[PDB]
Amino acid sequence: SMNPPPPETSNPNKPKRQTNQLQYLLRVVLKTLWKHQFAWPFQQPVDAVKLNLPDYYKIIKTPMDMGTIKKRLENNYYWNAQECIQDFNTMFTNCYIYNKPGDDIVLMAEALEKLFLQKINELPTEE
Ligand SMILES: Cc1noc(C)c1-c1cc(O)cc([C@H](O)c2ccccc2)c1
């Protein structure tokens, strides 16, 4: 079956603003995760056709990935840090839901998530 359209990264009817926390999420958080050796499966949407996973989009109803997050940060899609953090969390949770504990893909997601949480603990104050 065909892949769904990817999550939107532009919508003029969505409100948005720049905040120092959103700048940090791009310049520090995304940047650090993007270059991790285990980033590559998370850098674009799951292509279930390419991966031959007929069931993926029956199980994962709210797909998210770092390619989408990157474009949302770069294109000023977000209103606040919480919206972006939620996208990261959806990405990690989808991987844990779809796959099994201890699978390679899960260990990769877990390594990224550990870093992610280190980085979010250093989220600057809104200023
Ligand atoms: C990410 C992710 N969450 O569920 C799936 C499936 C993926 C996923 C996304 C991809 O681009 C590639 C793969 C691939 O099968 C794999 C990569 C590394 C180690 C083990 C396997 C899985």
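In its metadata, the entry names X-ray crystallography as the structure determination method and reports 1.7200 Å as the resolution.

Asker: Could you give an account of the nonpolar core, with specific residues and numbers?
Answerer: Judged by nonpolar contacts, the single largest core of 28 residues is most densely connected at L25, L33 and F88. When contributions to this core are tallied by element, the ones reaching two or more residues are α1 (20–34), α3 (66–74), α4 (81–98) and α5 (104–121). Excluding residues that lie within four positions of it along the chain, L33 makes contacts with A39, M66, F88, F92, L112, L115 and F116.

Asker: Give a detailed account of the site of the ligand, specifying residues and quantitative values.
Answerer: Around the ligand sit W40, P41, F42, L51, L53, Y56, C95, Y98, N99, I105 and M108, and that is every residue in its neighbourhood. Here an oxygen atom of the ligand and a backbone polar atom of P41 are 3.3 Å apart. In the environment of the ligand, an oxygen atom lies 3.1 Å from a nitrogen or oxygen atom belonging to the side chain of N99. Protein burial of the ligand: of its 490 Å² of free accessible surface, 76% is covered by the chains. For the shell around the ligand, the secondary-structure elements that each account for two or more residues are α4 and α5. Of the residues contributing to the shell around the ligand, the split by class is 10 nonpolar, one polar and no charged.

Asker: So, the packing of aromatic side chains: which residues are in play, and what are the values?
Answerer: Under the defined criterion, the tally for this structure stands at five aromatic pairs. Ring centres of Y56 and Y57 lie 4.8 Å apart, and the angle between their planes is 85°; this geometry places the pair in the edge-to-face category. When its relative accessible area of 8% is taken as the criterion, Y56 is described as buried. Judged by centre distance (4.8 Å) and plane angle (65°), the rings of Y56 and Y98 are edge-to-face. In this pair, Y56 sits in helix α2 (residues 56–59) while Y98 sits in helix α4, placing the two residues 42 residues apart along the sequence. Three or more aromatic residues joined by ring pairs make a cluster, and in this case those are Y56, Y57 and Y98. The side chain of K14 reaches across the aromatic face of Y77, ending 4.9 Å from its centre. The ring of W34 carries the charged tip of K70 above its face, separated from the ring centre by 4.8 Å.

Rules behind the numbers
- Residues numbered from 1 in each chain as written, not as in the entry; some residues may be left out.
- Heavy atoms only, no water.
- Residues with missing side-chain atoms left out of burial classes, pairs and counts.
- Core = buried A, V, L, I, M, F, W, Y, C linked by side-chain atoms within 4.5 Å.
- Buried < 20%, exposed > 50% of the residue type's maximum accessible area, 1.4 Å probe, protein only.
- Helix = DSSP H or I, 4+ residues; strand = E, 2+ residues; numbered from the N terminus.
- Contact = heavy atoms within 4.5 Å.
- Near = heavy atom within 4 Å.
- Polar contact = N/O pair within 3.5 Å; in protein donor to acceptor, adjacent residues only side chain to side chain.
- Areas by Shrake-Rupley, 256 points an atom, 1.4 Å probe, with all protein chains shown as cover.
- Nonpolar A, V, L, I, M, F, W, Y, C, P; charged D, E, K, R; others polar.
- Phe/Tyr/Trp six-rings, centres within 6.5 Å; stacked < 30°, edge-to-face > 60°.
- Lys NZ or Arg CZ within 6 Å of the ring centre and 35° of its normal.

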